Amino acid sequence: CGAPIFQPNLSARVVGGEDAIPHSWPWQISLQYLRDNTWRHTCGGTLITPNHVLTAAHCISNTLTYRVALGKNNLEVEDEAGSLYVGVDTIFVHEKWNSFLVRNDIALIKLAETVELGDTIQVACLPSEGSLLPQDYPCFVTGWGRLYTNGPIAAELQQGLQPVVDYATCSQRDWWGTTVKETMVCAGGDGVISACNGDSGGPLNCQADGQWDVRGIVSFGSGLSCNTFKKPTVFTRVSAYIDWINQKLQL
């Protein structure tokens, strides 16, 4: 379960969207599509079994051909020793996913190969069904940025902290109003330069008496202002989808 051989950080010292200790969140994967010959990353995801990645629903286009990239830190490389690229077998998108309302932004990627599960490929931990974490709780949104796009990319795997914002808070009319639903986790705090470090469908990492649990999948924000005050990053509540996850995990 969610235990790394490369200790990441915490609110240690680095100010601003920290790069990231090469390989300190080994369940971080990059979802890529082919165009001509080059593969390009669009979304992030989480390794959760030696052949299944949890990811956002809005990251799936029925027409594209995908590949999953494992064990990376710098996207502009193709070796990094402990790295991989695995084809997809099936992508089960939640049958109630709703694009207009952006409700149930979830999808499970059944890989096609065993995925070596080595020293830099590690499986994060799934929360407990129902877990509704305390407001202000420290969590980390990893990712290669690619969310708001217009800013010096992020070939270097990023990572930055996000403080769980309680539903009661998010749902405030002057916050994310009705948009939000108890099935979503909010996060993100008053920034400082901000710089969107997590990608769409990126993981919302949190510790649970040691090990880390995937509490969220990145879903939405403001467009131009990732980390606007009173406009937090909305993620999908993995805990609210443990039965579904467990039902599709066996398909």
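When you see a residue number, it is the position in the sequence shown, counting from 1.
Which of 53-61 and 205-213 has higher mean CA B factor, as the PDB entry lists it: Here the higher of the two C-alpha B-factor means belongs to 205-213.
Mean Cα B-factor comparison, 44-52 or 222-230, giving the higher one as deposited: According to the PDB entry, the answer is 222-230.
Out of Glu95, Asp105, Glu78, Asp89, highest CA B-factor residue: The C-alpha B-factor peaks, among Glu95, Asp105, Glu78, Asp89, at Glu78.
Among modelled residues of the same chain, the CA temperature factor third for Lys110: CA B-factor rank for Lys110: lowest third.
Entry-reported Cα temperature factor of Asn9, expressed as the chain third it lands in: Answer is highest: the recorded C-alpha B-factor places it there.
Chain thirds of CA B-factor: placement of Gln162: Highest third.
Chain-wide C-alpha B factor ranking for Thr179, given as lowest, middle or highest third: Middle third by C-alpha B-factor.
Within-chain third of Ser194 by Cα B-factor, per the entry: Lowest third - that is where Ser194 ends up once the chain's C-alpha B-factors are sorted.
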